[PDB]
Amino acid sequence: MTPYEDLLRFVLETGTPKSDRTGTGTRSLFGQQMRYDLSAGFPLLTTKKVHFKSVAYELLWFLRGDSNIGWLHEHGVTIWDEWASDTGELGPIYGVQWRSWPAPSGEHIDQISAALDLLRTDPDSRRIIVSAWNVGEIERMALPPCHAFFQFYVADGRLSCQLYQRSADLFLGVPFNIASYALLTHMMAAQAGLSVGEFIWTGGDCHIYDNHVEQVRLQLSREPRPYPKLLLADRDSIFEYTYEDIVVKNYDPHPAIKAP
């Protein structure tokens, strides 16, 4: 019922102290897994109000294959401002690798299209994968991919997705990541003629920053309300979805909780 919350606790209590770079004292565990049944409800956390608008616009940004934060500002989103050059450039990050990974043939590979094609023509493939982790381009990126790698799986006409996040800011980061991929999974499924199955979150370094220990103590004290429902409009193509094509119904979150 509350995969995320259980993991947050377990890291607050069992987590090992550790410095990062840069920041303060994180408590940390390695190799942790959360599991969501997407048919049961959309995993937008109810123990704290999550800024879904930012989540959606960011994913649409990723899907546009966009490297600049311009289109993001146009819609009043600023979560990326702090790493963007004077020009607003971030380098060949997520969207760039997703939509146009630079092969050695000079070709650009659209992994999203390729994945979706597989889903439609060869649902049983074990190669339905997208990787943002481009070793050749990590050092051109403002920041190396955090949610680095993901895979899809079909079973009884139900689409599952497992994500691998190498580094996980549990309190401020992961909530976004859960909703984000949850949304993506609804979109691929919708485009491919499938239903939603599971979302599997697999983390590398799972960490609660030093500041956030208080922000987090509160959030664990709150009782979890029933999950909201995700709705989508019809579109001929994943790349045609707009923010206006998305609705989150019956979302009743406990009040927000700020933190740097």
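Numbers for residues come from their place in the sequence shown, where the first is 1.
Comparing 197 to 205 with 26 to 34, the stretch with the higher mean C-alpha B-factor in the PDB entry is 26 to 34. Remark: stretch with higher mean C-alpha B factor among 57 to 65 and 218 to 226 is 218 to 226. Of the residues listed, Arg126, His108, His73, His147, the entry assigns the biggest Cα temperature factor to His73.
In this structure the maximum Cα B-factor among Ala84, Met187, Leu119, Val174 is found at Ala84. The PDB entry assigns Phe10 a C-alpha temperature factor belonging to the highest third of its chain's modelled residues.
Sort the chain's modelled residues by C-alpha temperature factor and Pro102 lands in the middle third, per the entry. Per the PDB record, residue ranking by Cα B-factor puts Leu183 in the lowest third of the chain. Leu232 sits in the lowest third of its chain by CA B factor, as recorded in the PDB entry.
When the modelled residues of the chain are ordered by their C-alpha B factor, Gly157 lands in the lowest third.
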